[PDB]
Amino acid sequence: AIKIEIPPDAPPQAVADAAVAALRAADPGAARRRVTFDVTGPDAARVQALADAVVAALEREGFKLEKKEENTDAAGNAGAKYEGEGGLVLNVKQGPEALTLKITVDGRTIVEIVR
């Protein structure tokens with residue numbers, strides 16, 4: 001597993017690309033498994049910017065995502081779910097903790113990037 005602290009000025013595409021590279025370094029076979037990306041943070045707009053960057057990075061690897069749903073929980077936190085083939089999921093969720101991108105492979109957290 002890898003955890004990265006990334007400078008607060010790194011643009012979302014640099015964050016997404018670091019996570020995909022970290023994933024390849026930690027599990028080069030992850031593409032064959034059940035993979036969930038989780039993008040969470042307090043500012044709804046920075047959260048969506050990083051989610052968009054994750055979609056773009058995966059699309060370049062050949063992994064297509066479809067927005068399945070938008071949602072709002074009891075606190076009013078906005079969220080969204082994207083799914084691809086093979087159980088690929090991208091969960092997007094507003095929450096108090098610092099902006100984070102996590103990658104879980106077969107139920108185990110493999111990559112965490114915190115801003």
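Judging from the entry metadata, X-ray crystallography is the method by which this structure was determined, and 1.85 Å is the reported resolution.

When helices and strands are counted, the protein shows 2 helices and 7 strands. Listed by position from the N terminus, the elements making up the protein come as β-α-β-α-β-β-β-β-β. Relative to the 2.2 N^0.38 estimate, which gives 13 Å for 115 residues, the radius of gyration of the protein is 13 Å and therefore close to what a compact globule would have. Projecting the C-alpha coordinates of the protein onto the three principal axes gives extents of approximately 40 × 30 × 25 Å. For the protein, restricting intrachain contacts to residue pairs at least 6 apart in sequence, the fraction spanning at least 24 positions comes to 61%.

Within the largest apolar cluster, 31 residues are counted, with the highest numbers of intra-cluster contacts made by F37 and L90. Listing elements by their share of this core, those giving two or more residues are α1 (12-26), β2 (35-41), α2 (44-60), β4 (78-83), β5 (89-94), β6 (100-105) and β7 (108-114). Of the residues forming this core, the biggest block, 7 residues, is contributed by α2. Filtering out sequence-adjacent residues up to four positions away, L90 remains in contact with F37, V39, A51, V54, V55, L65, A80, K81 and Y82.

It is worth spelling out the environment of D43 at this point. Summarising the element assignment, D43 is placed in the loop between β2 and α2. On the basis of relative accessibility, which here comes to 38%, the residue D43 falls in the partly exposed class. Taking the C-alpha atoms as reference points, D43 and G95, separated by 52 residues in sequence, lie 8.1 Å from one another. Of the polar contacts made by the side chain of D43, one reaches the backbone nitrogen of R46; its length is 2.7 Å.

Moving on: the pattern of salt bridges. Any two side chains of opposite charge can pair, on the condition that their charged atoms come close. Inspection of every chain in the model, using the stated rule, returns 5 salt bridges. Across the pair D27 and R33 runs a salt bridge whose closest N-O atoms are separated by 2.8 Å. Taking relative accessible area as the criterion, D27 reaches 14% and is therefore assigned buried. The partner of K68 in a salt bridge is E66, with the nearest N and O atoms 3.0 Å apart.

Scoring rules and cut-offs
Residues numbered from 1 in each chain as written, not as in the entry; some residues may be left out. Heavy atoms only, no water. Residues with missing side-chain atoms left out of burial classes, pairs and counts. Helix = DSSP H or I, 4+ residues; strand = E, 2+ residues; numbered from the N terminus. Rg over C-alpha atoms; globule rule 2.2 N^0.38 Å. Contact = heavy atoms within 4.5 Å. Core = buried A, V, L, I, M, F, W, Y, C linked by side-chain atoms within 4.5 Å. Buried < 20%, exposed > 50% of the residue type's maximum accessible area, 1.4 Å probe, protein only. Polar contact = N/O pair within 3.5 Å; in protein donor to acceptor, adjacent residues only side chain to side chain. Salt bridge = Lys/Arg side-chain N within 4 Å of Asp/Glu carboxyl O.

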